[PDB]
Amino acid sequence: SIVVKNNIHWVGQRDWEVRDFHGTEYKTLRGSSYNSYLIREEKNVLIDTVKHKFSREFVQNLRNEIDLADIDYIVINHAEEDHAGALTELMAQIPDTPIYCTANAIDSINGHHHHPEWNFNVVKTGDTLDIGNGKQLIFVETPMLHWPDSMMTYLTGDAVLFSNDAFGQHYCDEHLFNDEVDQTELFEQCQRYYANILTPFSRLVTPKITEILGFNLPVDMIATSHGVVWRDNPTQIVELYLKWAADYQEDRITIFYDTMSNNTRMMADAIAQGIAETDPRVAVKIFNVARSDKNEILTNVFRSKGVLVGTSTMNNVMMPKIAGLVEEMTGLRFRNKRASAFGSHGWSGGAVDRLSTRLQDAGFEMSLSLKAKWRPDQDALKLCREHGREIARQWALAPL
């Protein structure tokens, strides 16, 4: 275990090997960590657990820290398996220990563990739990950030906000604190997490943070459930969340596509050229979805003012990876972004219009599509290059 601050002990688990979260929907290229915390004042409090995979290690390590019977309260901020996964193993040893959680957390904890006989204590925003020595926990409900059961726990005096998933990132390191790790790697993982997970709830992020800030509670540290503890200028991640939540976009355009014989790829490259030679301010990224990291594409889409999506026509429909990615984007609800569909066809086509419509359903403000037959010759590539020019002009953040 590691001392976070005073009597706050980190008793979590580092995961250097993990590469997949939520099936394979989230790729963790730098592993992850599952942060659990043990607070030892007059009362002993355990905050969250770890992934079920490491329940054996977690309980044993916890034993080496404290007799399990001396644990007074258990706090569950969020009942997703990577945080509440070792709960069944733990409660088997100390079944009478009270669990403090939201009303929705009873549903989700029971939904995974099927032990409704556990002693649940429903908490609501403003509710407190005294732990002695002039210190208390303050609970803050954060529903749909990102689950119905989600909440945060604040420790007075030490001024530590246990924010669970919020402000966290999948970044495994032997060092605990934000000032002890690589800043570029930390930021990349932070933005990757928000873009792929929190984007659809951005309208909820601002008001909740505003509400939390309105409590006028001091914040020395933010101890999340993933990655580093924020101790040096800890509210920097809070400020990033405020920027990211405000329908964030940079002067950037992301192009991605799938292709069966590279014709649509040729179109994508030509479009990009047209953009770059029209507006030098725009950052351009191109991805073949069949050969790229899906989460990296989505992080870029998050950072972009607009996107161009390409597909050829395959059996009168679009290529499946594009349909899949478009489905997922429809769930992420990107806001204030523009889009244009493009791609090649052999005879009757139809996939480009099909894609243009689904992008619109996904919430993008649609510009005209770009189409070509078979492999683009020099004349066709000119038209693609001109399309990029028209897009760059239409989507310009400022004149010229």
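For every residue, the number given is its place in the sequence shown, counted from 1.
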Entry-level comparison of average CA B-factors, 390 to 398 and 3 to 11, reporting the higher stretch: 390 to 398
Entry-level comparison of average CA B-factors, 57 to 65 and 355 to 363, reporting the higher stretch: 57 to 65
Peak C-alpha temperature factor (PDB record), options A283, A166, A323, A105: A283
Which of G214, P116, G227, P148 ranks first by CA B-factor in the deposited coordinates: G214
Record-listed C-alpha B factor of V289: chain third: middle
Among modelled residues of the same chain, the CA temperature factor third for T254: middle
Entry-reported Cα temperature factor of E328, expressed as the chain third it lands in: lowest
Assigned third (lowest, middle, highest) for the C-alpha B factor of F187: highest
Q93, C-alpha B-factor rank within chain (lowest, middle or highest third): highest
